[PDB]
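Where a number appears in this text, it was derived from the coordinates with a stated rule and is not lab data. Here Cβ is always computed from backbone atoms with ideal geometry, including for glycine, and neighbour counts include all displayed protein chains.
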Amino acid sequence: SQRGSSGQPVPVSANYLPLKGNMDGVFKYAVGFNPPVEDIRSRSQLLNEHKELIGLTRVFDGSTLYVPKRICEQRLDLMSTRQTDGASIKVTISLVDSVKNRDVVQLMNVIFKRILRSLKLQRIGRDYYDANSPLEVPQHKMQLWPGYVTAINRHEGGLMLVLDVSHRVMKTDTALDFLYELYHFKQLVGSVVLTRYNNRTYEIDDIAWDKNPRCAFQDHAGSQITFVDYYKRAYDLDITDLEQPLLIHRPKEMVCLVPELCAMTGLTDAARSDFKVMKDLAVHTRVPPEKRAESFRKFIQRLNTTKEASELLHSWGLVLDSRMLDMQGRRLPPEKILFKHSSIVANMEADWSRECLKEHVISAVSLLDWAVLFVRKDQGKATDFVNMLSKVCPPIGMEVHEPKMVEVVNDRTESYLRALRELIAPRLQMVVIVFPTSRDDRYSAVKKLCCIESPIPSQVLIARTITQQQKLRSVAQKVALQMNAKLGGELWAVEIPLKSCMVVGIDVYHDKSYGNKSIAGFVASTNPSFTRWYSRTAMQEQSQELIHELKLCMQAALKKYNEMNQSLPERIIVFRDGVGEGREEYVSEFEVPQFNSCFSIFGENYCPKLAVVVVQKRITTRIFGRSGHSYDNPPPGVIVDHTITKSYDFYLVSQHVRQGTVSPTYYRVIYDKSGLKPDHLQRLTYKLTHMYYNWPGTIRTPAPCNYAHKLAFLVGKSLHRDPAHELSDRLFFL
RNA sequence: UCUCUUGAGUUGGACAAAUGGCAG
RNA sequence: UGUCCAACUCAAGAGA
Ligand SMILES: [Mg+2]
Ligand SMILES: [Mg+2]
């Protein structure tokens, strides 16, 4: 089954409130009116005529209806009459069906968007902010409100109310204070102002520097009344200024908001400019799991400590739970990092930087012939850096010889390009370019030349990272491993019990920059220990023939497998990426058929066992580690394939964090033929987390996903073209 | 562009579709 | 009129 059992069980907790609603007798009621009447307001008024006979549990979308209590007729047929025109309306009620809960999710979402209103919360976009539970910051005069975003769904364990807490700031000084301290024009427009007397938000359209409270608006189409009298009579307050501006708002008449009882929101430009403000608001926004779970329990307490919600739920009859989703996941074992003539079991943090910086990498290419490349201003920064590579490569097995320093005339791209053209040759192994600063055009120009026209593995590094001693040592130590990566010398490895199991990672450039050309990205191991790779690209303005070049790419990769292993992979595991919740049906229905089509060509009915996987990094879910009764981030490698998965997927916490809560990674398995028990696939997806040669440690997603992503993001932002085919067997994109 | 991570504010695009508000 | 997605910029943590 979906279950997997490898490691030591750990008690966890997610941010879900399971529901126990038993939705019966609430069958959909179809509303039909013979007289054409299409106006939500009018339809509601018409329906209200026979209200008492129906119930008090309206869910009316304007076309259909849901109510749990049976009305005293199956196909009820009554009559009503309008009032704007008086047309007699014919009621036709029909029991539609009770087949499946593919929309009960929608019904529950609606009733909860109503419940969150029942608690006197102020909807603002996606968020239902609170106003009785601010987080004062009485040093910037600011203030911070918590925002809940409930999104019910159906999981393996019934229905679960996901919950995500988001904060949106609410200043406190009156807007007139801002006007005063702006003189002694353009920040207000677009600012979501709100008034304090009733805690009602107000988006702003424009300002008019010609009006005052002296002006009188006709009240309810009645008599003219000055704003001062209006506010005194309706809110018992007064206004001091007499010639101040007024703030204008118009929905999809004109609304005048006085700039003394208005309180801005969001942040200004100078507000974001400061970094002390950011540091202050980082304490409350970047919340460790302790305060996070406390803020969740605060929400649930506020939910169940108000009758309205209780009797509304009881009216719908579905019971809400009183505590987070207690659970029991498991923790996969640590992973044996290998080297040449060594080994080590990763930390509890799974970060073996110290061990890697002083151990012998597996394959190290002697960097005999190479050339630095810098503008004269950065002589020292370059030379000082080079020496460091000679003090940190010998420890790790790389042998470095004196480079061939080059002094480009001037920083203009033209000069760099001429220098590279006159410098490349068959005898160079790598070129190092040091830029005075980051200019996207320059970097793209250099990378086209080093990857397309004259293929040589390049390494750029800006003239700011290499100017800070007491940290330059590790910068050199990282550049050395990256450079050794772009030469075909693998760095470290990890034990793999799956023999002859190739791996593949695909990504598609997520943008609309270059003619909407739909770049691709491909990478596929070529040895049983996932140490070497094979990077190819495909860029076409089609969504099918692009799949055809992915076919050709993976055929080429599977060939390269044979050319270096004297066999063929018994299993192929493809790691898609970034495919949201929008088109996950297209993959399993077109891509997988395409894949399994053309594999028998190279052998006797060669049908290698494919298995796709979709990998999501951003998600609202959050797994917690529960030791006793306190909450803490899970240690790396805590699988959860129970009670929150939907269909043969699993969450996984492979990262380690030092700042706030750790975000699990959601691996859907959208096609399975590999005959891998889910335990082995989970442990493999954990292993590959360790094999991304840009970070000694564990990364949020597997290695192939990140490699393919960097390849696509290079080809689609700098090269705009296919990189040469001499650089396939290396990793030139790091 | 040395590299990963977690928050914040902007941005457009794949869909569906026309608002809970009595504010002024 | 709202939602599920995905890019870039700023700030911060870790790097003997
Ligand atoms: Mg991607
Ligand atoms: Mg790189």
| remark: Given backbone amide H placed at 1.01 Å from N, residues whose amide H is under 5 Å from that of residue A:494, ignoring those fewer than 5 places away on the same chain, are A:338
| chain A: calculated mean residue ellipticity at 222 nm from DSSP helix runs of at least 4, using -39500 (n - 2.57) | -8000 deg cm²/dmol
| query | Extension gain residue A:453-residue A:555, at 0.36 nm per residue separation less the Cα-Cα distance, in nm? | reply | 34.2 nm
| query | What ranking do A:693-706, A:620-633 get when scored by the average of other Cβ atoms within 10 Å per residue, highest first? | reply | A:693-706, A:620-633
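If you count, for each residue, the other Cβ atoms within 10 Å and average over each peptide, how do A:36-47, A:638-649 line up from highest to lowest? Present the calculation step by step, with values, prior to reporting the outcome.
Working: A:36-47: 13.8, A:638-649: 19.5.
Result, highest mean Cβ count within 10 Å first: A:638-649, A:36-47.
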| field | Ranking of A:79, A:691, A:23, A:324 by count of other Cβ atoms within 10 Å, fewest first | value | A:79, A:23, A:324, A:691
| remark: For chain A, the charge dipole (Cβ of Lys, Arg +1; Cβ of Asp, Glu -1; about the Cα centre) points to a positive end, and the Cα of A:674, A:476, A:392 closest to that extreme belongs to A:392
| message | Could you sort the peptides A:437-449, A:258-270 by per-residue average Cβ neighbour count (10 Å cutoff), highest mean leading? | response | A:258-270, A:437-449
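Could you size up the charge dipole of chain A around its Cα centre, putting +1 on the beta carbon of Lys and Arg and -1 on that of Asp and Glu, and report it in debye to the nearest 20?
On the way: 96 positive and 81 negative charges, 269 e Å.
The dipole of chain A has a size of about 1300 debye.
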| task | Treating each Cα of segment A:452-500 as an identical point scatterer and ignoring solvent, apply the Debye formula and state log10 I(q)/I(0) at q = 0.25 Å⁻¹. | result | -0.99
| Using alpha-carbon positions, what is the distance between the centroids of segment A:55-118 and segment A:670-734, in Å? | 51 Å
| task | Please find the FRET efficiency linking residue A:404 to residue A:232, where r is the Cβ-Cβ separation and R0 is fixed at 60 Å, and quote it to the nearest 0.05. | result | 0.15
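In a shell of Cβ-Cβ distance under 14 Å around residue A:550, excluding residue A:550 itself, what net charge do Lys and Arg (+1) and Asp and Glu (-1) give? Intermediate results must be reported in sequence, preceding the final value.
Details: positive: A:536, A:551, A:576; negative: A:507, A:545, A:549, A:577, A:591, A:722.
That sum, taken over residues with Cβ under 14 Å, equals -3.
Between residue A:98 and residue A:585, how high is the FRET efficiency from 1/(1 + (r/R0)^6) when r is the Cβ-Cβ distance and R₀ = 30 Å? Nearest 0.05. Spell out each step's value before the answer.
Values: r = 26 Å, r/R0 = 0.86.
The value I calculate is 0.70.
With +1 on each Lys and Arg Cβ and -1 on each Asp and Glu Cβ, how big is the dipole of segment A:136-248 about its Cα centre, in debye rounded to the nearest 20? Mind showing how you got there, number by number?
Values: 11 positive and 16 negative charges, 46 e Å.
Computed charge dipole of segment A:136-248: roughly 220 debye.
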| message | Taking the alpha-carbon distance from residue A:358 and a cut-off under 16 Å, which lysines remain once sequence neighbours fewer than 8 residues away in the same chain are dropped? | response | A:340, A:391, A:478
| message | Under the rule of at least 5 residues apart or a separate chain, name every residue whose amide H is placed under 5 Å from the amide H of residue A:194. | response | A:202, A:263
| So how long is each side of segment A:138-204 along the principal axes, counting just the alpha-carbon atoms, biggest first, in Å? | 60, 26, 22
| With r defined as the distance between the Cβ atoms of residue A:126 and residue A:220 and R0 fixed at 30 Å, what FRET efficiency is calculated, to the nearest 0.05? | 0.35
| request: At 7 Å along the Cα-to-beta-carbon direction for both residue A:40 and residue A:71, put a label point, then send me their distance in nm to one decimal. | output: 2.1 nm
| Phi to ³J(HN,Hα) by Karplus 6.51 cos²θ - 1.76 cosθ + 1.60 over segment A:235-242, Hz, x for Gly, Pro | 9, 6, 7, 10, 10, 8, 4, 9
| Within straight cross-link reach of residue A:28, meaning Cα distance under 21 Å, which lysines are found once same-chain residues fewer than 8 apart are removed? | A:20, A:51, A:69, A:90, A:100, A:113
| Theoretical gain in end-to-end length, residue A:605 to residue A:437 [0.36 nm per residue, Cα-Cα removed] | 55.0 nm
| field | Spin-label pair residue A:516/residue A:627, simplified geometry with 7 Å Cα→Cβ offset, distance in nm | value | 5.3 nm
| task | Starting from the Cα of residue A:5, step 7 Å toward the Cβ, then list every residue of segment A:639-667 with an amide N under 18 Å from that point. | result | A:639-643
| query | Using alpha carbon centroids, what distance separates segment A:518-542 and segment A:281-325, in Å? | reply | 46 Å
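So which of A:279/A:617; A:448/A:617; A:171/A:276; A:377/A:471 end up more than 23 Å apart by C-alpha?
On the way: A:279/A:617 26 Å; A:448/A:617 30 Å; A:171/A:276 16 Å; A:377/A:471 21 Å.
From the list (A:279/A:617; A:448/A:617; A:171/A:276; A:377/A:471), the Cα-Cα distance tops 23 Å for A:279/A:617; A:448/A:617.
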| query | Taking neighbour Cβ counts within 10 Å as the exposure measure, how do A:360, A:167 sort from fewest upward? | reply | A:360, A:167
| query | Using 7 Å Cα-to-Cβ label points, what is the residue A:280/residue A:304 separation (nm, one decimal)? | reply | 3.6 nm
| query | In what order do A:189, A:653 fall by count of nearby beta-carbon atoms within 10 Å, going from fewest to most? | reply | A:189, A:653
